[PDB]
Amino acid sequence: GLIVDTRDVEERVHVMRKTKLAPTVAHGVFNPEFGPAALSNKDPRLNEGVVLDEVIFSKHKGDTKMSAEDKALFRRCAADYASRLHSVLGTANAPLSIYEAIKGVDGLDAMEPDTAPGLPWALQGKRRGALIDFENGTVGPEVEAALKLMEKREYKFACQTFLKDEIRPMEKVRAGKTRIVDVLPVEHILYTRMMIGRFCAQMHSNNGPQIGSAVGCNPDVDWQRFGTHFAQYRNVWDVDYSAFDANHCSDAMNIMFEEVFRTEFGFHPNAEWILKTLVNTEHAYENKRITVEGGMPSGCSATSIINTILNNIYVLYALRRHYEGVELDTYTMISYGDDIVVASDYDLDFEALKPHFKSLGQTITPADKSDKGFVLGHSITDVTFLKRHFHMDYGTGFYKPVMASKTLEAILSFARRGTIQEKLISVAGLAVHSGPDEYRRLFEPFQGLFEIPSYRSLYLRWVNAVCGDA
């Protein structure tokens, strides 16, 4: 985005924190080029000539403004995508009752009961349960007041900046490249769900290449689906963006909301309005306050859906800006936020597409090696989606989601106090797909101390999940 104003106020928002990630019995064994991100400015692991607060916000490098010609072309692409999207989902996009938007609906999880409540409730130390009844699907007086102030479109708010406590590659840990989370107030989240939840749930249950969205998918079973689909194309591309989320420009964001969430598609008028409040945002960070124009907040309801939509639109816009006759089935793609796979029988030149993405302030680079240039001729067994490869399971013939061994080692090397056993069982469902030998090697540091699920027990579970028959 674009930082337009930075001011210091007395009302402090404390987030400091040491890490909650302790090394495991495996860190002494795997020695991963990974560690927890730095969360204090006096971290000994930091480089010389690095400040946390400067690198934290160093992603906001400007809000790319668009020409009339480019704005109108984005609007056609947004309309054309919306058209395909709504024809597959239906136009059954009526608002959610308060109850619905809390407890969820078929294909939309229930709101989180005990996650951060956001501002200004965080400064009053009032937990999320203090404001909403998550059993009965009703809201307290403070939320109904904001709710009525959202219908009337007067509602203001500030985002709360959290430093993300997670494992990062040491190169980035040392560079102070800690990722940030932007917590919106819990009433904003509820109202957004009211406005676009019925859309969101329908997105989820219809995930696939057809709507170009993997949000709602389950890699274990859905890998076979995605695999076979992309298998039948002459060209496949693993495209990386660089800070996809922050680089969404006002114009693109705004135009996307105007074309996708139209009342003619059955959306409440305030659907467009609620989503547009994400464009110009106030972020709170200890003493400082940052007014930003552009970019997506990570923490808004429907963040992944918005990113995926925008992604689907970016590819169309970029291709149409370079070629002629390009229509939705000139190509195929699936995305989950920034993460994307594109395919086509045509020989598209992504290298030439670079500057077209650049007009939306997006920088595309090949995922593959970061090799000098986008190449042609790649297949699905060459690419990565959601940190998983597409590999053929040697004994069911089905595609399986395989994670890089180095990644799995990193994961297994750190855990929060008293969460190790639990975590080992979870990670096991991810590691099974690496094969018996590699499954054994990965968990061997934990032998004799924790319960390790057998390879066999988890392969058998997977086979049933992917196909009830074989």
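Numbering starts at 1 and follows the sequence shown.
Here 48 to 56 and 420 to 428 are compared by their mean Cα B-factor, and 48 to 56 comes out higher. Between 73 to 81 and 298 to 306, the higher mean Cα B-factor belongs to 298 to 306.
When the Cα B-factors of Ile313, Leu275, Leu131, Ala243 are read from the PDB record, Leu131 comes out highest.
Highest CA B-factor among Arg320, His248, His356, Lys156, as stated in the entry: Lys156.
Sorting the modelled residues of the chain by their CA temperature factor places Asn31 in the middle third.
In the deposited entry, the Cα temperature factor of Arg456 places it in the lowest third of its chain's modelled residues. Among the modelled residues of its chain, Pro120 has a C-alpha B-factor that falls in the highest third according to the deposited record. In the deposited entry, the Cα temperature factor of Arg127 places it in the highest third of its chain's modelled residues.
Among all modelled residues in its chain, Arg262 ranks in the lowest third by Cα B-factor.
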